[PDB]
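The figures here come from the full heavy-atom set of this structure, side chains too, leaving out hydrogens, waters and symmetry mates. The sequence lines fix the lettering, A, B, ..., with proteins before strands; numbering per chain opens at 1.
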Amino acid sequence: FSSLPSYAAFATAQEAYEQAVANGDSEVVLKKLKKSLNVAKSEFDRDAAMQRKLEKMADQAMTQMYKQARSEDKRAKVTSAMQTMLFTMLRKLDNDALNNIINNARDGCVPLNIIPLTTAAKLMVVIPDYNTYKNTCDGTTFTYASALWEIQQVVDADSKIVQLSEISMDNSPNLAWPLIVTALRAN
Amino acid sequence: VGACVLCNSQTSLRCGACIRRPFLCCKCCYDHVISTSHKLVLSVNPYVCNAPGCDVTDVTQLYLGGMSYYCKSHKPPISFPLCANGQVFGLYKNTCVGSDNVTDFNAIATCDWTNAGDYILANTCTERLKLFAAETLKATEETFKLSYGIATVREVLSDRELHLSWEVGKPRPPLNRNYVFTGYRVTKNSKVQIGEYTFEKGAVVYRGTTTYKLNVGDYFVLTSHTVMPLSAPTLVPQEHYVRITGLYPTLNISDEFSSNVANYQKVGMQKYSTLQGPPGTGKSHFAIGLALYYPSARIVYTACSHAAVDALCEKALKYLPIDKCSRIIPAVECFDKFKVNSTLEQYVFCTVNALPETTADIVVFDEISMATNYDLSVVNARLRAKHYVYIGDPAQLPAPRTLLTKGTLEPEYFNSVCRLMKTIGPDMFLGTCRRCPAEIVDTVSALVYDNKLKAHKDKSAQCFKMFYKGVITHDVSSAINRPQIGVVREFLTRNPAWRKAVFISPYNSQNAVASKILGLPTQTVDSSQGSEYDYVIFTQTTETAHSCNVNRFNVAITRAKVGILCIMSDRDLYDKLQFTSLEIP
Amino acid sequence: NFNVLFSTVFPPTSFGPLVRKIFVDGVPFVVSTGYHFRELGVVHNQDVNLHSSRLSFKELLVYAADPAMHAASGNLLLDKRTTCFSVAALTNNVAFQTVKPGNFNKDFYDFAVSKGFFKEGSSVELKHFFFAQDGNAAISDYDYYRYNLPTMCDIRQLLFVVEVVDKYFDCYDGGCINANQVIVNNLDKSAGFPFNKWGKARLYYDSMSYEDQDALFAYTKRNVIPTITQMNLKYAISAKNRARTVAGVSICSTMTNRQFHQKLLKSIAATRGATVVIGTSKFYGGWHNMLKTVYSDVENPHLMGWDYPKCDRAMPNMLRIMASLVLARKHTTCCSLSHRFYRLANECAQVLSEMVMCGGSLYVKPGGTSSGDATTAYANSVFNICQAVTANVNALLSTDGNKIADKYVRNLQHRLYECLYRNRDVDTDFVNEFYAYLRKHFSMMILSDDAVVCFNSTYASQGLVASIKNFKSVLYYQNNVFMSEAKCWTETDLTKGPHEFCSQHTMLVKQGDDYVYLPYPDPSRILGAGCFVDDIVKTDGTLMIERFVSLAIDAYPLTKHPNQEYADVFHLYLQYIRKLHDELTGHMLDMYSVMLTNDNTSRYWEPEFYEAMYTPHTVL
RNA sequence: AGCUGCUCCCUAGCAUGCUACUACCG
RNA sequence: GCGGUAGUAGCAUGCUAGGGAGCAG
Ligand SMILES: [Zn+2]
Ligand SMILES: [Zn+2]
Ligand SMILES: [Zn+2]
Ligand SMILES: [Zn+2]
């Protein structure tokens, strides 16, 4: 703040006061060129104190709209994320089993709990111990929920592949023992 | 929040009165918003007063008072003018280069697309401004056309015949093959699919795309798009390297490709060799022989519309196996030699409106002169190929600019490629024209065609000239003057063997009228590229600046390879062309 | 009430969301359009449109929170570790989550042992630790919902209890507010499945305008939105080795529940001198004020406190619904009759019987309370007061009326019978009368399922107010739990306050010229907070120090105890704070050459700063 | 990885309020 | 000699915002 209109005015007032101080003539020398200086008081008070408020408010505004631009970009980002997720899960879904059960409904509505139960292609079973294994999915095919399933792969709690011969009553204490069975719907 | 159009600097300000809402940096925005008819600027929030009931929206007057922007009559004391230092208030206030000479952008912004000069400046500037002018032009095109007469046909006359009603207060636009409408079927609530159809002389006869039966309640418009910003220039930067880059040398070729070998190398040895083509020199054969020369190349069939790739489809049955190609069509009745939507296949049959953005080796751009910079630059955005192939020539005819009002666009300014053959020359030369005999190809030489076209066969001796009488009378958009029709029928009786032709006329309504008296078919001059008959009929009917234009008639002069009759109310080409004259009845 | 009984007959695959097929620019979806409740019947949405053109931000937000398309595109699941209903598996493998041990602050332990702690036979010893858990901890904790059973109520008794309970909530005011008036503390918490893939709650409170939130809130008054709840394990100090979990509700539920309930919730927490004491501070004399308020003017007073086994997993659904209705009774002018029903249906479908993600799979919750929804601590208080009032009614109606000597209480009993089983609408005068009777002979201080009661002893020995046995019977037949009398307490001398309230004991000490009540904690809790921490950075004292200042604020009132090994805890904390300050300042003079000045940091290792926090003249 | 309530510490800002020094006018 | 206002410095109380931590249900 030096290029203001009143820097020159206070400069010339104090310069004339300097000229008269090098002169030093009268009592009006003191009175005047302390009042040439005492007029250039409001200049350098308001012109250098209202210039000290507009700039702070300008900085406030600039920071605020920076914030708003960033918040406007993140919205578009999350919009794209949600859309991609929905359209991706859409393409494991539009089969003919779904339309078959939906068109058998009298008004269009069905319970949600019977859609994986009747249209899913893959089943996952979690077994706590061997006694439960014997009564649920022993063999290589079993029946659950009015259908026939065919086993592919068995893993354990460490995600390591077990073979169906190892699962026995005397080898049972050597296995990490939630086992997870994966089966496919038989046709 | 991106680079401004004239400065490549991140800003947040947009001209409110523009059509594109372009980015303009602070000093650059000051320039444009004081120097034109753009009075508004929008930022992350719109710079408008917040006192209820204000609608004065200039640029200089507004005052910023904290969390608001005021006008001087709306202003509490704590404020600052939003316009000072010749610099509007917005983000990134410092690091903007600006520009002092922005009167070119200023004129583009104020260019209302009436004069030819509008097109001249729009085709004389630099790149992203080329894009801005192009998209403003197309946006103003759709503002132009959609707001005209409603095609509300309120009864049916007969089979393929209709009765017309149209919008009041707003006139009705042409009914020609250059002007294609689009149908919507009204039900008690809203509209349903009908499709695009054409209207002609009836009492309205429609040249429908396919069979339809519409009762009353229906009405039509010519639909459009909502054109978004582009991405890429009109062409790629050139190359002068040492290699045929990215492809494989040759073992086999057929000797009918003898004139093909010499120009295969130049298109692939450097970035692009822009092709000029006289009518029927073998260009498509060349554009098919490209894949014949190198069986391993990906070349992308493009055009103005599919009807020309349908030509490249017609000769695709001739040469290349059907197991390397796919014909893409958007979700219309065209030619389909192959299966649709198979992008990942070697041959890419499509048009500028069809192909998804991918990458390829060579793009065969067809019929360039009927394309403006926009549809020319779209494929430069979609397809970043290393080599280009521009089938076309500014020499034939340009795309229909409905805003051709004062002056006429010269082929210097049809697009950037169009003056490119006139600045650097055509990087293409094929001297063997199978089209015409010793009459026309020799004649089209001194016309505009570089004195490079010359005879292939000898004279067939019936391509004669007959300059006519001429009387003028117009009705709406063309003219019917059976004076120009009279000598056609009355001299045809001298040659009954003259029933193999098409009657073409610049006034497209003449073919609809003449067929009642004459019986030979119809054809539109500007959309007649590629199609030819052995014997053809025409009457110039006048030498104004629409048809007999020395570069622009020449589609229908190279029509005949056997016999013609050029009925001339004209001096433009009679003493300019090189044929013989007979007596008039 | 009748629906609860009749719904145990029908197949359990018939309840839940009802889905339908819709088209979004020609591509088919699967979305919810209704709900079949076990208590409320079949509900259909009012704004359903097939064939829309686009999706806004709001419609994407609603379709992403739906369990319809998450479950319709996963595998079938047969989980044999639980008896709960399993729906689907959202991935190709199961996730086994563990819990880690704590970190040992050896410096503090060595310092404490050099001052005489942890000797053989001491009264203060370590009993609070970080217990570790293995991979089967989440599902075995989720399997405690097998204690929630379908319970049908005495309806004529409940329809009177609800009126008295409502009389307890008359001094507050509520209603709906706009989106620019709600207040969120800590916008940096999770948003909850599927929304925790992309950001925190800040992301969704910033991306939504003030007019989008209003639109979503207006949408939930005509339609039902079911959401998904995630189960998380806690990492905290404790005295028992069972695992603890909290439910994390999704953002789409919290956003609208705040707008519905926040005005009343903030009214409750700014009131002093009432029965519910949420929002009252224990500092600056507040503990004394609460204790003197509950003492009131009961005649031959005793004190009593009880507990609820398995409170949040054994609550019947009818009482949860009743708590919601009592809280919603303040919307008599802003909401219509249909709006309130749809808000109730939304609450039930989101936090009462919803879909739960445990591991990477979906299960069906039978009932109970979700710990982390927007109105937890207040619904718990409503449930508390309901059970207490029921106990009093059962005490008075099951007493031989020919032996009651007072003639006022006999008429009270007569009129109570005929207001339960003979009168069909509400009688306002008798509700006022019974409420006054209860407030005089049975005074309550309630936090969210904690309580203290001051009651008339002579009345309780004759069976005119509730005893500890009446609570046992009421819990047995209305809660399906057995309350053992080894977890209750009684106190016959009032100059020593409650034996326990919010984990604090009470002491009557002399402060200045008079006697006041002070709260103090279990010493093992403070010492354990000293020795064991949940981050490795907190095992260096000089990096924080404020932790020990706060823990010393919590431990000041042990200085007045008669047991000498209890005051030593406060003194040990002050000495340690001084040592840490000295060792931090003697680092900048050697490793660097910085001379730190003791800028009045010497107040932290003197007792005046801490004594000032328990004297009535605030500085909060 | 939740919802609430209370308390301590640090920095920024706003107005307010008290108080001190200089100038001008009355 | 006093009042009013305009400036500059130091001090407190309250409110808001941001960050760090502790306890309770
Ligand atoms: Zn610029
Ligand atoms: Zn503009
Ligand atoms: Zn204004
Ligand atoms: Zn309401």
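- The residue among C/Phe283 and C/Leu265 whose nearest nucleotide of RNA chain D is located toward the 5' end is C/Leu265.
- The distance between atom CZ of C/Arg547 and atom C1' of E/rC23, rounded to the nearest whole Å, is 12 Å.
- Within the 4.0 Å cut-off from OP1 or OP2 of E/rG22, at least one side-chain nitrogen or oxygen of C/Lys538 is found.
- Atom pair B/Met67:CE and D/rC14:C1' shows a separation of 13 Å (rounding to whole Å applied).
- Remark: D/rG2 base-pairs with no nucleotide; criterion is Watson-Crick or G-U wobble with both hydrogen-bond distances under 3.5 Å.
- In this structure, C/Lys266 reaches the sugar-phosphate backbone alone: every heavy-atom distance under 4.0 Å involves primed, P, OP1 or OP2 atoms, never a base.
- In this model, the phosphate group of E/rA6 is not approached by any side-chain N or O of A/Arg46 to a distance below 4.0 Å at OP1 or OP2.
- Both C/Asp450 and C/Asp554 lie close to RNA chain E; mapped to their nearest nucleotides by heavy-atom distance, the more 5′-ward contact belongs to C/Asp554.
- Side chains of C/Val533 and C/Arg547 form a contact here, defined as non-hydrogen atoms less than 4.5 Å apart.
- Across the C1' atoms, E/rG19 and D/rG2 are found 22 Å apart, a figure rounded to whole Å.
- When the shell of 6.0 Å around NZ of C/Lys100 is examined, it contains 12 or fewer heavy atoms from other residues, nucleotides or ligands.
- In C/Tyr144, the OH atom is not crowded: 12 or fewer heavy atoms of neighbouring residues, nucleotides or ligands sit closer than 6.0 Å.
- The side chain of A/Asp45 has E/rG7 as its nearest neighbour among D/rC8, E/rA21, E/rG7.
- Proximity of the aromatic rings of C/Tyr308 and C/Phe383 is defined here by a centroid distance below 6.0 angstrom, and this criterion is met.
- Summarising the base pairing, E/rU13 is matched to no nucleotide, lacking a Watson-Crick or G-U wobble pair whose two defining distances lie under 3.5 Å.
- Distances from the side chain of C/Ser448 to the nucleotides E/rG25, D/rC8, E/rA24 place E/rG25 closest.
- The residue C/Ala191 sits apart from the nucleic acid: no heavy atom pair falls under 4.0 Å.
- The CD1 atom of C/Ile577 sits 12 Å away from the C1' atom of D/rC8 (whole-angstrom rounding).
- Going from atom CD of A/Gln60 over to atom P of E/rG18 covers 15 Å, rounded to whole Å.
- Looking at the side chain of C/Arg603, the nearest of the listed nucleotides D/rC9, E/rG25, E/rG7 is D/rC9.
- For the pair C/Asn186 CG and E/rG22 P, the interatomic distance rounds to 14 Å; values are reported in whole Å.
- Checking D/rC9, D/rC24, E/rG25 against the side-chain heavy atoms of A/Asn38 singles out D/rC24 as nearest.
- Figure legend. E/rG1 is base-paired to no nucleotide; pairs are counted as Watson-Crick or G-U wobble with both atom distances under 3.5 Å.
- Rounded to an integer number of Å, the gap from C/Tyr520 OH to E/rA24 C1' is 17 Å.
- Across D/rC3, E/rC23, E/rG25, the shortest atom-to-atom separation from the side chain of C/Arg258 is found for D/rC3.
- In this pair, C/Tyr610 and C/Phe570 present their aromatic rings perpendicular. The plane angle is above 60°, beyond the 30 to 60° band.
- Here E/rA21 presents its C1' atom at 10 Å from CG of C/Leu551, a figure rounded to the nearest Å.
- If C/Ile278 and C/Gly372 are placed on RNA chain D by their nearest nucleotide, the residue sitting closer to the 5' end is C/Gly372.
- The side chain of C/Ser281 has D/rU7 as its nearest neighbour among D/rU7, D/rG2, E/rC23.
- Summarising the geometry of C/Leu527 relative to C/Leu572, their closest heavy-atom pair is CD2-CD2, 3.9 Å, with the distance given to 0.1 Å.
- The side chain of C/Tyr284 has D/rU7 as its nearest neighbour among D/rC3, E/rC23, D/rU7.
- Within a 6.0 Å radius of NE2 in C/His505, more than 12 heavy atoms belonging to other residues, nucleotides or ligands are found.
- Both C/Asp449 and C/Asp188 lie close to RNA chain E; mapped to their nearest nucleotides by heavy-atom distance, the more 5′-ward contact belongs to C/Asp188.
- Ranking D/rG5, D/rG2, E/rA24 by closeness to the C/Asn185 side chain, first place goes to D/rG5.
- Side chain of A/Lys41, nearest nucleotide from D/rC9, D/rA23, E/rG25: D/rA23.
- To the nearest angstrom, P of E/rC23 lies 13 Å from OH of C/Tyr614.
- Within the nucleic acid shown, C/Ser503 comes within 4.0 Å of sugar-phosphate atoms alone, with no base atom in reach, counting heavy atoms only.
- Backbone-only contact: C/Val619 has heavy atoms under 4.0 Å from sugar-phosphate atoms and none from a base.
- Of all nucleotides listed (E/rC23, D/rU4, E/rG20), D/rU4 comes nearest to the side chain of C/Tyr378.
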